[PDB]
Structure formats: structure tokens, C-alpha cells
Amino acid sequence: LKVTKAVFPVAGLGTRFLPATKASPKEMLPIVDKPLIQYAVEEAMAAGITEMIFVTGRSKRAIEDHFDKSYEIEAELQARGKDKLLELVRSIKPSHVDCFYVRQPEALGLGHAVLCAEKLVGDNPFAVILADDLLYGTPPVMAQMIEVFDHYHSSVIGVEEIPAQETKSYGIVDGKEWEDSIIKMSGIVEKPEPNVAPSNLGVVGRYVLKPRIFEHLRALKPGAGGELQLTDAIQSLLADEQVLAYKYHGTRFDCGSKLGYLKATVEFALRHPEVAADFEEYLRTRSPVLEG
């Protein structure tokens, strides 16, 4: 059983980024020169995934027009004779990668977004990648997680040791450590108060899910708006079969926050061949007072 598909929820309101996210989801925010969602798709590609399923909401066109062919932009590029840039634009969606679109009509949360993709995933394991968790890993984090999935044939939840006083911001897993970095999960709890959290292992926006999850999602009684909690479906699933938590190696930038977006911008600029040296020299010599 090989994972060839990834589901990307890309209806991010980005309240912490208004007004920038007025007309585009937060997953389209650029880090230096590349949208968050493209980093995420490239991470999926590095894990062997070739079918990208985008679950869109408002401003779907920012996502669609990013990955779909643009005749007008290739015209402008061809007209300016910019041949390297032409191939850069084509590489956003290589020929062997497919992009499919499905709608989440109402912003009803992650579990609902996953369930919307059910009949596009079919009877197949699949990745779920939240692009506002920007991850740097060697190899990429989803590639690490596909290694785990290929070995154990169990769902894999990406987790990270987080500060004990911040457990109210994370889903928190419980279980016994198995091998290095792998926890056989006995439970998952959504945003526990620090004094009740069963561990310091918080869920990050990376999952490999076996298709049985859809069955458990469908069984949940929804909330007020109709929200389905993916955590409740995961909790229900591990009662029936093995579910693993994987402590990935790498660095996370929480680009659901402006601070994390700024850290990501700084770190990736300093790795960017076009600007790294000049940007470092700028940080070293900048004046503290902005003159108007």
C-alpha cells in the first residue's frame, strides 16, 4: 500500500494576516518568493506523492491559478525572452503531478475538510498537510513520515515536543514510546489545559491516514455549525487499530502567526542564493530608527 495522494486544506482565513488575506487564503502567503502551499506540495512530492488534492474555500482562484497553467503569464515571459523563468513557472506543477480541486462550502474545520475529499481519495492511504505549518527537514518531514508508514502500515500523526504551558494550543497525544521517535498512541486530546495534558507531544499539521478514517469521521455527531473534529476521529480510530505518533526531526515555523511568518521569512532569506549575503549584511548594519 503506497501513498500517492495528499490532501491540502487551503481555505485559511488568516485573521492574524488581515488585510493581506482579504483576497487570498493564508496558505498563499509567500515566504521570500514562494507561497506556503507550494512549499507544502514540494514536501509531498519529496515523499513520492503525485496527486495533490486541494480543499478550497473563499478566494479559491488564488490557489487554482497558482498551480494551473497560465497562458497569459507564459505569454508575458515568452514576450520578454525569459527562458529560465519560463521553466521555473512550468515546474510549479511538473508533468507527472496532478492537481484536483474540491470545495469545502462552509469553513467547518479540518475534519470536515478531510471528509470532503473522501471520494477523491477512495480506498487509499493519504497524506494531510497543513501548509501554514512550514517545515524544514532533511529529508522533508512528509518523506520521513512516509518511511514510517511504509514500515508499519499504520496511520502516522506528526508530533513535536512543545512547552508544557502551551498545551491548550495543540492536540496532545498519549502512548508508549516504541522505537526512536515512534509512539504507539493510546489516545489523543484536543487542547488540554496544561495541568491535565497527558504529554508534551503536540500535533503538527502533518498526517498519513489510512482510509478507515473516513468511516470514523462519518460516525461523528457534528457540532453547532456542523464541525467535525479530526482529533475525535483519530481517537475513535486508535480504539480499533494501531495509530502511531512520529517525532519528526526538523524545524517548524508556525505561519498561522505573524511572528512565525517573519521568522520563516528571515530563515529562508538567509538560505536564498539571490539575497542571503546582502540580507545578512543588512541585518548586521541596519539603523534602529526609521527616518520619515
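Counting begins at 1, following the sequence as shown.
As the entry records it, the average C-alpha temperature factor is higher for 277-285, out of 277-285 and 18-26.
As listed in the deposited structure, the average C-alpha B-factor of 75-83 and of 161-169 is greater for 75-83. Annotation for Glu118, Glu147, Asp174, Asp132: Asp174 ranks highest, by Cα B-factor. As recorded in the entry, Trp178 carries the highest CA temperature factor of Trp178, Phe214, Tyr136, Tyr101. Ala245 sits in the middle third of its chain by CA B factor, as recorded in the PDB entry. For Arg90, the recorded CA temperature factor ranks within the middle third of the chain's modelled residues.
When all modelled residues of the chain are sorted by CA temperature factor, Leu228 is found within the highest third. Per the deposited record, the Cα B-factor of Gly111 falls in the middle third when ranked against the other modelled residues of its chain. In this PDB entry, the Cα temperature factor of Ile234 sits in the middle third of its chain's modelled residues.
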